[PDB]
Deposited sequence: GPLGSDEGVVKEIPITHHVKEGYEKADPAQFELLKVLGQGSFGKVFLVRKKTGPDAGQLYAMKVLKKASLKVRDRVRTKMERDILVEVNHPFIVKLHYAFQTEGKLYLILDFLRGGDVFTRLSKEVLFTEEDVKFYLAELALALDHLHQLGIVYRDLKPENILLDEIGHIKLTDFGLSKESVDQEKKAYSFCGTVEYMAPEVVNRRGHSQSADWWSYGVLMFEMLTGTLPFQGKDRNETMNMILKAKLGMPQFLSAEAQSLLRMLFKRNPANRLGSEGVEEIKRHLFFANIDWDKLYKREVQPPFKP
């Protein structure tokens, strides 16, 4: 059964409860759909002087089928250090990633190869599956949630939090995820799923390997109709293995889709035959680009 766990308090093991005065603002790091991400310096305590990313929201819960803010820990997912409530606001204190998003870094190259993209898709795959084993769904995978750390390893900026903006105008017109990355059944309002994450994952693969989105129209409605019904040519410049992974991810019906039976069939796919998943998880594999 899908249970919604409200997020109101969090302290990482070994530390003490935080409040807004313990953090000083340095400079904004970016803006999402749920607000702004600020760079902050911890003022006092054991971790005084340490830098963190900070998110300001209204409310934030976590839906889980069937500790949880500690279980979501993973080599390729951002760590939440603190969460607290004050004056109608929820503050999230996070790991501050210094590398920027993957798309920016890729745009800084004239060209790149399937192998580079393969590094990113592999780490990402491990992150997704990790959340799915905990009964969590990422829901809204997008390029803006995929950052680089200092070394050039992947970090997701979230782990499926159901969030609510504090800006009253932005909260007013908020609904679901980013349509360009939605699986057909999500578009058809049948609900988010692990399988839908793997569709999103496929769309990110296509976009990374072609520089283009597979379905986009002149507006919301047209984009949706394309997702459901439009044609999609196979990029002929891709290897047979890449063509095969793409072909197996892009099934409009879930449980027909690769990954809807775990990530093992994804890890075993000919496209990742090159990858030592144990070394990958241990961050012993060398990133294609330094940030």
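- In this entry, the deposited residues absent from the coordinate set span 1-8, 75-82.
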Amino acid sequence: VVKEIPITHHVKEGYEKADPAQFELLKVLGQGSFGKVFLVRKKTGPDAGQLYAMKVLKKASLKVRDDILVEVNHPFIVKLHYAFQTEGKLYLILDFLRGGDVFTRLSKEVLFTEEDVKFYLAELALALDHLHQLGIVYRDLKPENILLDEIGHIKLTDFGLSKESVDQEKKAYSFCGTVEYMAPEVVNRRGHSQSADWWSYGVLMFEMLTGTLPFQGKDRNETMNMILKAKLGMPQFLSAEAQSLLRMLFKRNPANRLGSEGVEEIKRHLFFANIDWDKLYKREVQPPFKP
From here on, numbers count along this sequence of modelled residues.
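- Of the two stretches examined, 134-142 and 168-176, the record assigns the greater average C-alpha temperature factor to 168-176.
- As listed in the deposited structure, the average C-alpha B-factor of 246-254 and of 218-226 is greater for 218-226.
- Looking only at 157, 113, 200, 193, the residue with the top Cα B factor in the deposited structure is 193.
- Ranked by C-alpha B-factor against the other modelled residues of its chain, residue 189 falls in the highest third.
- Annotation for residue 259: C-alpha temperature factor in the middle third relative to the rest of the modelled chain, per the entry.
- Among the modelled residues of its chain, residue 11 has a C-alpha B-factor that falls in the middle third, as given in the PDB entry.
- Sorting the modelled residues of the chain by their CA temperature factor places residue 272 in the lowest third.
- Among the modelled residues of its chain, residue 81 has a C-alpha B-factor that falls in the middle third, as given in the PDB entry.
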